[PDB]
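Data block below; observations after.
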Amino acid sequence: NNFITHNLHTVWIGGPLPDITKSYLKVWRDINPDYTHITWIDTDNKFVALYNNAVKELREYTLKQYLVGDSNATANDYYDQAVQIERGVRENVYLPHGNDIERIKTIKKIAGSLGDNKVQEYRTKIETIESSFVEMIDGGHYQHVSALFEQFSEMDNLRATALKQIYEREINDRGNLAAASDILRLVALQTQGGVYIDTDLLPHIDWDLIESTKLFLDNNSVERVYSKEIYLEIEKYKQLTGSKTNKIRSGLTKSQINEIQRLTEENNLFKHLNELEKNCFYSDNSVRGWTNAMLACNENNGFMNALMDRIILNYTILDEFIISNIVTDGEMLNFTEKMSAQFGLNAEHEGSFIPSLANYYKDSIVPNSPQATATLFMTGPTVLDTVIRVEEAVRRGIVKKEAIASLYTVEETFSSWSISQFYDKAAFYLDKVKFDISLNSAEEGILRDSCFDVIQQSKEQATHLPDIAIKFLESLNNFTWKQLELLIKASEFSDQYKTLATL
Ligand SMILES: O=c1ccn([C@@H]2O[C@H](COP(=O)(O)OP(=O)(O)O)[C@@H](O)[C@H]2O)c(=O)[nH]1
Ligand SMILES: [K+]
Ligand SMILES: [Mn+2]
């Protein structure tokens, strides 16, 4: 055949698919009807996301009481406590969560500890989740993770077994469902071949049609200037079920918007997937480096084995990191040199990977730039970038750049796990507001200026702030004109600010 098999793999594990996830996937089926579309689900992990939420609520309740019993708690003290509390709940033998039966029993016990209407709040959620899975199982497009691991274990039981253990660790030890998906996508491609995309990506569009309209005209590229706004307007015009775009607007002109709506209506905007050579491994790097959010290879790909092997090695080293209790600066070099010699690594190039292991149980709990998180180094884009470099895969022609999917969608800006909008003090103070803990004058000024910095950094686009930050801003008075103008401008792009923009 000489082309990669026309399989389009997606992954959604840990709970029902959100409406906007189903909506994005249908766009892919609409544009690539001749592909075999497979969304991998795990019917043995129906309640992981809901368990995650119950643990976070218990964590926050414990954090409020910690703050109630300790003023002068610093931001660093707060997040150390947040990480320890999370571990204590996940490790608690009275609250097992290794399967859906244990999770359900544990979710009820946590909801009963929270009081209020939390019992019926979780009871209805459990039932809604079961109904969603019944429709999925009974109502083709879905395939089962257990059948996937079984199939891969008949090809490579060694790697199948090691990867399944890592998958289950991300499911249960951290509950980081994006990181578990970092594993599943590699197994899917290595077992069956095809193309993989994250569920928040959308097909590329025909930029030649855009240019031929003359409405979108540089020490920059057209995509970097216009793609985010165009993809907002495409989704807004399609009125995708579950979309956030009913409350968001772009900065494009009426004429620009009409042209996008026309091209979208004509069904002449999205491009179908290109053919890919069967003996090559494909990703894209045209946005901030290589990403594992979009991938393509045939089954039994040699570079894929090297990628899997490095991820498996990453977890062997993390296990040594935890047991050795490596914390301080000096202890990390006694570790980095020891690991570079134990596994034949280049210590100079590993200088960033080892320190990120400290963040393994801080991801999703402590604010951090995405490039500093453990997840990116363990299983995500940064390990992909490393293996491509180490294997010299580009020069050797075994990895190539390919335009698979666009990162410029509305949903890509909403991470299921990463937190990098507010850091340190401001993030600490924002949680206090969420906990109904009054701020002093100093904490108020810091959080207020931080909110306006985030808004101002957005320039001519919507700023997606947490609901509690909006409620914080609505409790304030005596805004300056510069600040008020920022809020009026923000209301032009998002309905979140409608109240803040009213005099
Ligand atoms: O509850 C979840 C959250 C994420 N994912 C998977 O993880 C991928 C990446 O998620 P996300 O876009 O939130 O991660 P980010 O791009 O922010 O790292 C998704 O496309 C899914 O395949 C999943 O299966 N369940
Ligand atoms: K997302
Ligand atoms: Mn994403």
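Residues take their numbers from the sequence shown, with the count starting at 1. Counting starts at 1 for both ligands and their atoms, in listed order.
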Quiz item: For the K ion (ligand 2), which N, O or S atom of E411 is at the shortest distance?
Solution: O
Protein heavy atom at shortest distance from [atom]:
atom: atom 9 (C) of ligand 1; result: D198 OD2, 3.7 Å
atom: atom 2 (C) of ligand 1; result: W12 CZ2, 3.4 Å
atom: atom 11 (P) of ligand 1; result: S416 OG, 3.8 Å
atom: atom 25 (N) of ligand 1; result: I13 O, 2.9 Å
atom: atom 18 (O) of ligand 1; result: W417 NE1, 2.8 Å

Quiz item: Where does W40 meet ligand 1, judged by heavy-atom distances below 4.0 Å: at the side chain, the backbone, both, or neither?
Solution: neither
Self-check item: Location of contacts on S181 toward ligand 1, heavy atoms closer than 4.0 Å
Solution: side chain
Practice problem: Look only at interatomic distance and state if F414 has a nitrogen or oxygen under 3.5 Å from any nitrogen or oxygen of ligand 1. | Solution: no
State whether a side-chain donor-acceptor pair under 3.5 Å links [X] with [Y].
X: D284; Y: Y282; answer: no
X: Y231; Y: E412; answer: no
X: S418; Y: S420; answer: no

Quiz prompt | Interatomic spacing from CG in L240 to CD1 in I234 - rounded to 0.5 Å | solution = 10.0 Å
Self-check item: Centroid-centroid distance, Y51 to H97, less than 6.0 Å
Solution: yes
Self-check item: Metal site angle (apex the Mn ion (ligand 3)), OE1 from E412 and OD2 from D200, 10 degrees
Solution: 90°
Quiz item: What is the OD2(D200)-the K ion (ligand 2)-O(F414) angle, to the nearest 10 degrees?
Solution: 150°
Quiz item: Heavy atoms only: which of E412, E411, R185 is nearest to atom 8 (C) of ligand 1?
Solution: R185
Quiz prompt | Name of the residue among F149, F152, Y315 meeting ring pair (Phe, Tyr, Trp, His ring centres under 6.0 Å) with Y167 | solution = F149
Quiz prompt | Under-4.0 Å salt bridge between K22 and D19 | solution = no
Self-check item: Numbered atoms of ligand 1 (with element) below 4.0 Å of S415, judged on heavy atoms
Solution: 13 (O), 15 (P), 17 (O)
